[PDB]
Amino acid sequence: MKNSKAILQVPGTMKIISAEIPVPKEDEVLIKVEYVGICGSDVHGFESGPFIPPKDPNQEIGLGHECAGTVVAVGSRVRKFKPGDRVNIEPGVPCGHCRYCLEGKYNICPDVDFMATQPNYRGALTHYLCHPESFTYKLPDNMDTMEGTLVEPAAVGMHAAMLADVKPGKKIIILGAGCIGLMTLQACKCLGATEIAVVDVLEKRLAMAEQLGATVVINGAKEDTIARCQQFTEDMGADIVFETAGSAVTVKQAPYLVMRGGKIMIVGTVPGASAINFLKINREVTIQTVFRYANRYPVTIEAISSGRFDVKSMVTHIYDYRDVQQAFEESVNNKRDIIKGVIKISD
């Protein structure tokens, strides 16, 4: 009957204020949010605010973009969905008419409306929200709304592996065993790769990498990453190197890890500049940045529903919605022990 939202009142400080229940436009669904994931971008938003200040002096800055729930109402022209459907949402709604949308790259649309961002700052941390039916997806019966929430980061890794043309016979190195690195690992497995090395510095993440199917795990703090990778690839380098931690160490490392003619994929981020040794990759190596996802939700939902892609095992912490402040503090303070945290929104 009533709504509320968690707002970034000032960087580092969340609270929950009242909000009106949105009315779905004729092509939208109205969803009762049940789970909201916490990823790097939300934690950075909590710490710094959005990097474009709101045009409005006292704009209510929402947070959260990975979410799922149950349809409560639908707009008058919605046929795909009905009240009671459990769904997730793809949080980036592109313009649909620019050169990039029309060319199959809507993810890089210059007018994408992405949750908890620039023009509108609509956060998924709320009891009720509206979303276009075209970017909402029904969950299989064997997939709960917490799994539906984690389709979004899984889609990030799926898009990277698909962009990279992962295939059997391609040796893969994944730099980073955080959430996105583990998603990329499982995506590489779904695309048939059989030799996957995963590099991180935390033994708990490498334990999870091995559980999720890494062929070899390498602790860059206790081992020589370049030497161990050269052994892994028989001194030839890997066909594909994924950089997923967004750190300077890893990006600068990837040139030394890839084979001639191979690919380096930068899965998101990299906030600072990084010095690249192009001499080491002068034989037609490709470096490509990877940005969110395009047309990946169905195949990712498929992969999770089948059991081949395990997102439930990645959830290490579940926070109640009214405890959202601690959820974001711990996501900063105890980053060491969190693979993936989610926020449960019950009444």
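Heads up: residue numbers just count along the shown sequence, starting at 1.
> Per the PDB record, is the mean Cα temperature factor higher over 194-202 or over 68-76?
Looking at the record's C-alpha B-factors, the answer is 68-76.
> Mean Cα B factor from the PDB record: higher for 239-247, or higher for 253-261?
The stretch with the larger average C-alpha B-factor is 239-247.
> I'd like to know which of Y121, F232, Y137, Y106 has the highest C-alpha temperature factor in the PDB entry.
Across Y121, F232, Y137, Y106, the entry lists the biggest C-alpha B-factor for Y121.
> Quick one: which of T225, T215, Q211, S274 has the biggest Cα B-factor according to the entry?
In this record, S274 carries the highest C-alpha B-factor of the candidates.
> Quick one: classify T145 as lowest, middle or highest third of the chain based on its Cα B-factor.
Middle third.
> Rank-wise, by C-alpha B-factor, drop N295 into the lowest, middle or highest third of its chain.
It belongs to the lowest third of the chain when residues are ordered by C-alpha B-factor.
> Could you look up the Cα B-factor of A187 in the entry and say which third of the chain it sits in: lowest, middle or highest?
Ranked within chain, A187 CA B lands in the lowest tercile.
> What third of its chain's C-alpha B-factors does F309 belong to: lowest, middle or highest?
It falls in the bottom third of the chain.
> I38: which third of its chain by C-alpha temperature factor?
Within its chain, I38 is a middle-third residue by C-alpha B-factor, going by the deposited values.
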